[PDB]
Engineer: 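Quick one: structure below, then a few questions.
We use all heavy atoms of the structure for the numbers below, so side chains are in, but hydrogens, waters and symmetry mates are not. Throughout, a chain's letter reflects where its sequence line sits, starting with A, and its residues are numbered from 1.
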Amino acid sequence: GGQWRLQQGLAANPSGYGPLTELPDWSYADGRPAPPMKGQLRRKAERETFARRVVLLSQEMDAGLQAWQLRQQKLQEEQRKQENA
Amino acid sequence: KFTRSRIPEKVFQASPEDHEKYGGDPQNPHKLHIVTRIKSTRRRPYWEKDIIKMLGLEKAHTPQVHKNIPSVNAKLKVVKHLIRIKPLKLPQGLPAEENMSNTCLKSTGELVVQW
Amino acid sequence: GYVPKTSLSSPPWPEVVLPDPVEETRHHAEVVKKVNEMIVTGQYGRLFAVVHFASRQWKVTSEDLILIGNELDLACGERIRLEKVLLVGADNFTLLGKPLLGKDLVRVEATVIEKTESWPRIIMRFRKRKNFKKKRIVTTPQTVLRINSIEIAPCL
Amino acid sequence: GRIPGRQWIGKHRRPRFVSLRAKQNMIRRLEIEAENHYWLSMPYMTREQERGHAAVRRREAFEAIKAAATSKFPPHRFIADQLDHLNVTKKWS
Amino acid sequence: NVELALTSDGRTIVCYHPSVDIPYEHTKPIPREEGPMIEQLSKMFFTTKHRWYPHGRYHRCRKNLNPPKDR
Amino acid sequence: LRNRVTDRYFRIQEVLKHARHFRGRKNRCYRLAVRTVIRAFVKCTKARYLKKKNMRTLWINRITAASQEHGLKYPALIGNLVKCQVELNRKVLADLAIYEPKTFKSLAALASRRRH
Amino acid sequence: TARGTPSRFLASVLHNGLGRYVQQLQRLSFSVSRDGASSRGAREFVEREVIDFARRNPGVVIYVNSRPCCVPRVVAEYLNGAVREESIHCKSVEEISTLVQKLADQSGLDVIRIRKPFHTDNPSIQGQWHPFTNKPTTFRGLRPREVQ
Amino acid sequence: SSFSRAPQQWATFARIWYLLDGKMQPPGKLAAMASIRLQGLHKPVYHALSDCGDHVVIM
Ligand SMILES: [Mg+2]
């Protein structure tokens, strides 16, 4: 029943992101945390790369817009400056 | 013959009804696409295969973030029948360096900096 | 809007009425209190638990053995707590998580009894009239865990 | 009741019929793609604004590719590797 | 015969299912040749004849006499 | 005969040991045994998909039986448990149906309640 | 294949985890050659790793023979009587180390197909299902169509 | 629960007798019910090889 999960905003597959997969499967009886699971580490690395790409793309697009604005400003100011006589 | 298909521009001109239906504001449009491949490139032309490879959508159901800029949009228009596109929503803005490792892409299309 | 009673006038399934929320909450509190009192008084024998370990859900009870199809990075004889317990049940009551029960409720503990390799599994690829034949033998790592105890607490 | 020839290829084929399930599947795909059209109808930058905004990064990436391509060269050879082969006759005295 | 109840926080569902005994009134007092052989056995056990015919030495020797036992 | 194979006995035995439980000459004659042993190994490999497919079908059948004992249909049970956020899988549900009938009764009542 | 191979059920030796964990490996016997490239790795293992393993596993008696027969070997004897013999021919030090640790962590039970990934001696707590669970009873236990 | 092994197994795998009244009933629906019961697909302990079918008496 993945459509209902999607409507509620969860992952369509309960094996996706969620408590059942992202929480540690076990811990030492003393209480010491278990070493991170391999799948969780891989998934964290993938999410970090995804976030880094999001940041990079957003920054590149913003820088491009700012550079275009500066180019328009330079063009207009220079064409105005040509009026000197 | 079978050829590339030229999509008329009127197809990609949203109407107010579409704006209400999908919840996107034409002013201040979203910056990034989340594109997932939901369809095989098999039995599709080699040019669609190549576009998918370029966009990095070889794996199905693996979201990929792309710029919402005209060239990327041209490629996405070529392969629009194989992909699902949703805007990337940033309720807390783009992640900071501190929490770059604590993000998660919710199925709604939101990148939350807490997980 | 009254429709005369016909075969198709009303849906075949019996009509259902939502109970009044006040009485629903009262009944809920009564049941929860009763079960909590049973837990406090220890009115239960064996407990079983559905626990999500590795990638699968295991129906488990004290003294049970579980074969995980991978090495766990634990020394044999080492005691562990299984933290994703989906269900805990007794003879007269069961507690269901949504989807996971709280740590305060249930404590499922196991012990690494064995670390082994599975029997050799054969992977054979063959295609007729193509001279295509490939053979591989794979042994999977395994860990046998013994479930030592399942404890519940009156934290409802 | 047989279909002449081989099914699904010839002039006379098995009649294929569209189930409600098939219709629903196609409609689902169509709805997804209508949403794709909407989301592709609102570019963030104009073509002129995007012109050159990624040139630096693209150039650096191709510089990395060129460096990897032109750094191909045989690996070093160490006296230790050669001499370690004498250990095949190491024994206990 | 089950009582369902969310906890106050709504994060755990509690099911109360006691075992219901059978009423005494719902109980009764305790009362106080090869071909024909196979037909009789088939009729007795509501099976077909084929089950009851013997099998060859090959099948019998294939059968495992020390099968693993669980629990 | 400068070089002659001396291990052919053992090379043959490696195959034949896997055919010893076959019928007929397939368990004795290498020419026949090798073909059948390859087929046996290919079937063994391909059967790992069918094992998982059949277990789920078996679990679904058992869950259907157990739920019908309580007036539910399997789709209703599964969907309503999902909607109530119980993520028990079909293997566990079948195990409960067999060995914890009162717990399964509770789950069926929960599913019907959610449905209503 | 499974049909051409013996199978057993998941089990421990003496309920190995209930009260306490007892290491089932009890004896290791390394037959190693003084001379011979086949046992070079075994010699390095005896020199550099056998002592640390021995002090890590005080319950395992380790013998080193320095006089093998037909190949350098390690024979592992477990409490349940099982004897597993593994050739350490032409194995490196790390390979021998991993093999020995596997023998240490492993039980004496046969490495054959295990029918079930689990083993409960008490599979049911609420009572194993039988056809009459969930079946309502009737007044005076009258079967259907019974006159009285 | 608390049964001995053999009695427990006997109870679990016992075959039950069901009665269907066919008066004014569609033979197909009768047959669906009867086939489920005969196969034993109405039992959670069902398995194709367990011979867990039941008796059906249609009148
Ligand atoms: Mg034909």
Side-chain angles (χ1 to χ4, degrees), chain A residues 26-35, chain C residues 68 70-80 109-117 141-146 148, chain D residues 87 90-93, chain G residues 12-36 38-69 71-109 111:
Chain A
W26 58 272
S27 70
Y28 298 99
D30 316 314
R32 305 137 52 200
Chain C
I68 316 299
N70 64 7
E71 65 96 24
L72 273 178
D73 194 9
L74 290 161
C76 278
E78 191 166 4
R79 205 179 183 89
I80 296 302
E109 279 186 344
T111 301
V112 178
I113 307 309
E114 203 182 355
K115 303 158 69 66
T116 312
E117 277 178 358
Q142 289 175 337
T143 57
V144 187
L145 283 161
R146 180 177 294 278
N148 300 118
Chain D
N87 284 319
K90 183 159 58 178
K91 314 173 195 308
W92 279 344
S93 63
Chain G
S12 47
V13 171
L14 270 183
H15 311 107
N16 192 25
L18 284 182
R20 68 184 60 171
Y21 169 74
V22 177
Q23 187 175 19
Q24 297 303 310
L25 178 69
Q26 61 159 333
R27 200 163 306 114
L28 276 180
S29 304
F30 294 84
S31 57
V32 184
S33 177
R34 294 194 331 117
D35 295 332
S38 52
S39 59
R40 181 187 62 183
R43 280 192 297 271
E44 307 315 318
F45 177 83
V46 169
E47 282 177 280
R48 289 155 39 186
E49 312 283 332
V50 69
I51 297 182
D52 310 73
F53 179 84
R55 62 181 65 264
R56 283 195 314 265
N57 299 108
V60 183
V61 184
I62 306 177
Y63 302 93
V64 184
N65 290 138
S66 197
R67 182 229 175 181
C69 188
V71 65
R73 292 178 289 98
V74 58
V75 174
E77 313 187 32
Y78 297 88
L79 290 171
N80 71 336
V83 173
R84 178 170 175 174
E85 165 177 319
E86 287 290 310
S87 62
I88 52 178
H89 173 81
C90 290
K91 279 190 172 56
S92 60
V93 189
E94 56 269 14
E95 288 174 73
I96 296 180
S97 296
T98 60
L99 164 62
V100 169
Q101 189 49 242
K102 184 181 70 58
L103 293 175
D105 291 328
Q106 187 175 358
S107 178
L109 295 171
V111 193

Engineer: May I have the step-by-step check of side chain to side chain contact (heavy atoms under 4.5 Å, CB included) for G:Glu49 and G:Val93, ending in yes or no?
Structural biologist: CA-CA 8 Å; G:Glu49 312 283 332; G:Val93 189; 4.0 Å; yes
Engineer: Taking all heavy atoms of G:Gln106 and all of C:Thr116, pick out the closest pair and write down the distance.
Structural biologist: NE2-CG2, 3.4 Å
Engineer: For G:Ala82 and G:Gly108, work out which heavy atoms get closest and say how close.
Structural biologist: CB-O, 3.0 Å
Engineer: Provide the full list of salt bridge (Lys or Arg N to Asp or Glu O under 4.0 Å) pairs with a residue in residues 50-61 of chain G, sequence neighbours left out, each pair given once.
Structural biologist: none
Engineer: How long is the straight-line distance from OG of G:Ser31 back to CD1 of G:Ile88, given to the nearest 0.5 Å?
Structural biologist: 6.5 Å
Engineer: So G:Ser97 and G:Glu94, side chain to side chain donor-acceptor pair (under 3.5 Å) or not? Walk me through it.
Structural biologist: CA-CA 5 Å; G:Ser97 296; G:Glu94 56 269 14; over 6 Å; no
Engineer: Which distance, rounded to the nearest 0.5 Å, do you find between the OG of G:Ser107 and the CD1 of C:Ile113?
Structural biologist: 10.0 Å
Engineer: Using modelled atom types only, decide if a donor and an acceptor are shared between the side chain of G:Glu44 and the backbone of G:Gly41 within a distance under 3.5 Å.
Structural biologist: no
Engineer: Using modelled atom types and a 3.5 Å cut-off, is there a donor and acceptor pairing between side-chain atoms of G:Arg43 and backbone atoms of D:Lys91?
Structural biologist: no
Engineer: Could you give the side-chain donor-acceptor pairs of residues 12-26 of chain G under 3.5 Å, partners two or more places apart or in another chain?
Structural biologist:
unit_1: G:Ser12; atom_1: OG; unit_2: C:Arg146; atom_2: NH2; d: 2.5
unit_1: G:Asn16; atom_1: OD1; unit_2: G:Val22; atom_2: N; d: 2.8
unit_1: G:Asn16; atom_1: OD1; unit_2: G:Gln24; atom_2: NE2; d: 3.3
unit_1: G:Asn16; atom_1: ND2; unit_2: G:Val22; atom_2: O; d: 3.1
unit_1: G:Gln23; atom_1: NE2; unit_2: G:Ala104; atom_2: O; d: 3.4
unit_1: G:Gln24; atom_1: NE2; unit_2: G:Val22; atom_2: O; d: 2.9
unit_1: G:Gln26; atom_1: NE2; unit_2: G:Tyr78; atom_2: O; d: 3.3

Engineer: Under 6.0 Å between the ring centres of G:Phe30 and G:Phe45?
Structural biologist: yes
Engineer: Which distance, rounded to the nearest 0.5 Å, do you find between the CD1 of G:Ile96 and the CD of G:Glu86?
Structural biologist: 11.5 Å
Engineer: Can you find a pair of side-chain heavy atoms, one from D:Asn87 and one from G:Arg40, that are under 4.5 Å apart?
Structural biologist: yes
Engineer: Look only at the side chain of C:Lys115 and the backbone of C:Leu74, and say whether a donor-acceptor pair between them is shorter than 3.5 Å.
Structural biologist: yes
Engineer: Give a yes-or-no answer on whether the side chains of G:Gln101 and G:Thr98 include a donor-acceptor pair shorter than 3.5 Å.
Structural biologist: no
Engineer: I would like to know whether C:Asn70 and C:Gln142 meet side chain to side chain contact (heavy atoms under 4.5 Å, CB included); could you show each step before the answer?
Structural biologist: CA-CA 5 Å; C:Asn70 64 7; C:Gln142 289 175 337; over 6 Å; no
Engineer: Quick one: does any side-chain atom of C:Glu71 pair with a main-chain N or O of C:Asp73 as donor and acceptor, under 3.5 Å?
Structural biologist: yes
Engineer: Could I get the full list of salt bridge (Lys or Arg N to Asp or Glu O under 4.0 Å) partners for G:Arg73, not counting sequence neighbours?
Structural biologist: G:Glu85
Engineer: Can you give me the closest heavy-atom contact between G:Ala76 and G:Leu103, atom names plus distance?
Structural biologist: CB-CD1, 4.0 Å
Engineer: So, using salt bridge (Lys or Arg N to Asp or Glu O under 4.0 Å) as the criterion, who are the partners of G:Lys102 when residues are at least two apart?
Structural biologist: none
Engineer: Is there a side-chain contact between G:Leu28 and G:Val74 (heavy atoms, below 4.5 Å)?
Structural biologist: yes
Engineer: Test of understanding: with salt bridge (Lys or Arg N to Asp or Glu O under 4.0 Å), list the residues that count as partners of C:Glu109, not counting sequence neighbours.
Structural biologist: C:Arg79, C:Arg107
Engineer: Side chain to side chain donor-acceptor pair (under 3.5 Å) for C:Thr111 and C:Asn148? Distances and angles first, verdict last.
Structural biologist: CA-CA 7 Å; C:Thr111 301; C:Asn148 300 118; 2.3 Å; yes
Engineer: How would you list, by chain and number, every residue that makes a side chain to side chain contact (heavy atoms under 4.5 Å, CB included) with G:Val46, sequence neighbours excluded?
Structural biologist: D:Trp92, G:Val32, G:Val50, G:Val64
Engineer: Between G:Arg84 and G:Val111, is any pair of side-chain heavy atoms under 4.5 Å apart?
Structural biologist: yes
Engineer: So, the side chain of G:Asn65 versus the backbone of G:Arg67: is there a donor-acceptor pair under 3.5 Å, distance only?
Structural biologist: no
Engineer: Would the distance check show the side chain of G:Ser39 and the main-chain N or O of G:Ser33 forming a donor-acceptor pair, the cut-off being under 3.5 Å?
Structural biologist: yes
Engineer: Begin from the C-alpha positions of C:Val112 and C:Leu145 and carry the test side chain to side chain contact (heavy atoms under 4.5 Å, CB included) through to its verdict.
Structural biologist: CA-CA 5 Å; C:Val112 178; C:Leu145 283 161; 3.6 Å; yes
